[PDB]
Each structure stands twice: as structure tokens, then as C-alpha cells.
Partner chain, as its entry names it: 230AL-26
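Next comes just one chain, in C-alpha cells: the form solved without its partner chain.
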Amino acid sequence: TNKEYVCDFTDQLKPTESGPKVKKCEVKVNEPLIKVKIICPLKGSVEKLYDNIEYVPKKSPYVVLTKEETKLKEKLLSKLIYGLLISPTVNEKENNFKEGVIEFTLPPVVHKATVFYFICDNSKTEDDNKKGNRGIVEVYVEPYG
């Protein structure tokens, strides 16, 4: 099975006249074996366009953001979702945003509903008087299996 969500922020966060604005990728998971892939463009991958981009959490996908009160808090994903396994590598590179892409697959059984987030934020980059956009991933997990 090659079921896969892809949040590709490459052409979503480039500086434009209306920027900065929020680009949201909503990931709805209520089936087993769903793979999630998030592409966050690297600083310097293209000249000027991502000079001040930023990804949160740095330890994604092992660490994610979750909403406590109004405050986003970093939490271990393996704590929120028991039985989660993360591939150490993705296409022979470290599974970390520092390589430009992260991936993870949720386990075949999830008992508790959970929502967590990633951030790929280019709103602090300026080029030709235009500002980049702020990207956000929301993973919505419903119990399944």
C-alpha cells in the first residue's frame, strides 16, 4: 500500500506581495497505514527566497506541537500515539527537516483521538519588498482499528 498525504510547502511559502499569510495543510487520518510526508524548503535551496525560513519542532517528526490552553507545546509523538514507529531515514537521508523533508506512518491501531502540528515558517524572509508565508500542518487523528 502506497497511501500517502503530501504537504509540499515549496511553492506555497515563497515571498509574494500579499505575504505573509497562513498556508494550512490539513491531514485527516482515520484509517491504518497512512503515510504522511511534509516537504519544507531548505534555506539556500534557492537564492533569497527562503533565507530566513524556520521549521518547528526541530526534532520533527519525533517531536510535534500540541495545543494546551492556547499555547502550542512540544511533545513526543510516541507519547501521544502508542506503538508509533519512525523510519530513521527517508530515501537514505536523515528523517529530519534539516534534510528538507520528514515522513511518518501512524500505527495500525489508534485508540485515542489526537491533534498535532508542524510549522514551516518563511514569514521572516524578505525579497524584493515581499514577505514569505507561514506554513502549518494539522494532523487530525480519529480512533481506528
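C-alpha atoms forming the largest set that superposes within 1.5 Å between two forms make up the rigid core. Residue numbers count along the first chain shown, from 1.
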Quiz item: Once the rigid core is matched, which of the two stretches, 132 to 140 or 17 to 25, lies farther off on average in 9 other deposited structures of this protein by C-alpha?
Solution: 17 to 25
Quiz item: Core fit done; bigger CA RMS in 9 other deposited structures of this protein for 58 to 66 or for 82 to 90?
Solution: 82 to 90
Exercise. Between 87 to 95 and 29 to 37, point out the one with the higher average CA B-factor as the PDB entry records it.
Key: 87 to 95
Quiz item: Thinking about Cα B factors across the chain, which third does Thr16 belong to?
Solution: highest
Quiz item: When the modelled residues of the chain are sorted by Cα temperature factor, does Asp127 land in the lowest, middle or highest third?
Solution: highest
Self-check item: CA B-factor placement of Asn52, once the chain's modelled residues are sorted into thirds
Solution: middle
Quiz item: In terms of the CA temperature factor given in the entry, to which third of its chain does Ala113 belong: lowest, middle or highest?
Solution: middle
Self-check item: For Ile119, the third of its chain into which the C-alpha B factor falls
Solution: lowest
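This next part talks about the form deposited with its partner chain bound, which is not shown.
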Exercise. Using the arrangement in the entry with it bound, list in sequence order the residues of 68 to 105 with any heavy atom within 4.5 angstroms of its partner chain.
Key: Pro88, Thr89, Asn91, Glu92, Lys93, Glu94, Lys98, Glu99
